[PDB]
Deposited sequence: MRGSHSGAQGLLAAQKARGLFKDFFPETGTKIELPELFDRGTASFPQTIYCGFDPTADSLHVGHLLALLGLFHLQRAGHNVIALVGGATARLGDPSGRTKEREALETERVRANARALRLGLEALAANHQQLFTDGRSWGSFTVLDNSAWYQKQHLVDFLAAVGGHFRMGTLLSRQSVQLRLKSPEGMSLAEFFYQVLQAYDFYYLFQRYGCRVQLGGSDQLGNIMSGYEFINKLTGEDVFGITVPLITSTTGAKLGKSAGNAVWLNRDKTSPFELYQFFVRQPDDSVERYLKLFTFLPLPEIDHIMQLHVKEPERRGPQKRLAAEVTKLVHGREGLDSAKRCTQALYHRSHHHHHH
């Protein structure tokens, strides 16, 4: 099964709520799944790709997926997993990054659709920007509508917010309110698109939790979250990281990690990865696993043209 396969690959790390309450994810798995991306930079990087890949897998299986650009949330800054408060970002810069992210996400989905077809009937891929609905949201109207549905006790206790909340210098009201906006986003997408699932890296669990808890509080509806593992400077935009550098980053992965990366970053069937690995024991010199990993990812973010310059450049050298 889809969930089963991704869990097996290691791409889907966990499913929530654990209780699953009324139902439980395996059961509803055309669903709509979304994942947000905050434009703190004018380019996505290799880590964000893992979350995007999670969406692609669901789309390939027939589900509709939404890649949300956080044009409004990036103005505040996600405190999840952070020790220090973020340097304030100019609104103008945030909107410029947002426009760039939207184009970046569409270019990736374009490469996906054109170079990784499998003849299956895929769901849709849509890029939205939360600033679309926040620019119409007035302060007090928002607080009067949904403010009573959030409990300070729950907000203050999220694990994701403890690093900043419990710091010696304290967290700002903006940092604290961030999770409310992400929770609202989930609720908004649930109401306008039937979105019942939100995917993100494990550092996003808290924000996702407040979202499904929020929605289950207003409606006895059940919605879920899926996290992807966090893998630990390599950008997806050619003007910051050329195809050659992106390719080299993957091609130089250690033998001990190369197999996990093939599972996480490519669409290659598990049985084929087994083959590439067994073939490797027999021919360490060819660096087959690494060459295959680099090719798949580079083709995904920079197309054939990019893959070609990438290989030709490495070969020449």
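Trainee: Where the model has no C-alpha, note the corresponding stretch of the deposited sequence, numbering from 1.
Mentor: No coordinates exist for the deposited residues in 1 to 9, 39 to 45, 249 to 261, 347 to 356, so these stretches are absent from the model.
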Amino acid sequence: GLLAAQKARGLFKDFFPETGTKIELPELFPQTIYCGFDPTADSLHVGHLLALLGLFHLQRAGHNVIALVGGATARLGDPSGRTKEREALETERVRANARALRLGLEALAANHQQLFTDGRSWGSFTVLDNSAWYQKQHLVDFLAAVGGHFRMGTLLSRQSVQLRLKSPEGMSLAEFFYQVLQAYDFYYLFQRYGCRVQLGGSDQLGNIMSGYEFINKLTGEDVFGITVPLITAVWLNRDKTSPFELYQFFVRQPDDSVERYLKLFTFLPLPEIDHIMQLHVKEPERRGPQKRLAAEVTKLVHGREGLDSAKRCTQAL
From here on, numbers count along this sequence of modelled residues.
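Trainee: When the C-alpha temperature factors are averaged for each of 64 to 72 and 284 to 292, which stretch ends up with the higher value in the entry?
Mentor: Looking at the record's C-alpha B-factors, the answer is 284 to 292.
Trainee: Mean C-alpha B factor from the entry: is it higher for 40 to 48 or for 251 to 259?
Mentor: Between 251 to 259 and 40 to 48, it is 251 to 259 that shows the higher mean C-alpha B-factor.
Trainee: Between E213, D78, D129, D185, which one tops the list for Cα B-factor in this entry?
Mentor: Out of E213, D78, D129, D185, the record gives the largest C-alpha B-factor to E213.
Trainee: For the C-alpha B-factor as written in the entry, point me to the maximum among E87, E92, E106, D141.
Mentor: Answer, based on the entry's C-alpha B-factors: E87.
Trainee: Looking at the entry's B-factor column for C-alpha atoms only, identify whether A174 ranks in the lowest, middle or highest third of its chain.
Mentor: Bottom third by C-alpha B-factor.
Trainee: Is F265 in the lowest, middle or highest third of its chain when residues are ranked by C-alpha B-factor?
Mentor: Middle third.
Trainee: Compare the C-alpha B factor of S121 with those of the other modelled residues in its chain, then answer lowest, middle or highest third.
Mentor: Highest third - that is where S121 ends up once the chain's C-alpha B-factors are sorted.
Trainee: Just say lowest, middle or highest third for the CA B-factor of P229 relative to the other modelled residues in its chain.
Mentor: As the PDB entry reports it, the C-alpha B-factor of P229 lands in the middle third of its chain.
Trainee: State the tercile, meaning the lowest, middle or highest third, of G54 with respect to the CA B-factors recorded for its chain.
Mentor: For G54, whose C-alpha B-factor we compare with every modelled residue in the chain, the answer is the lowest third.
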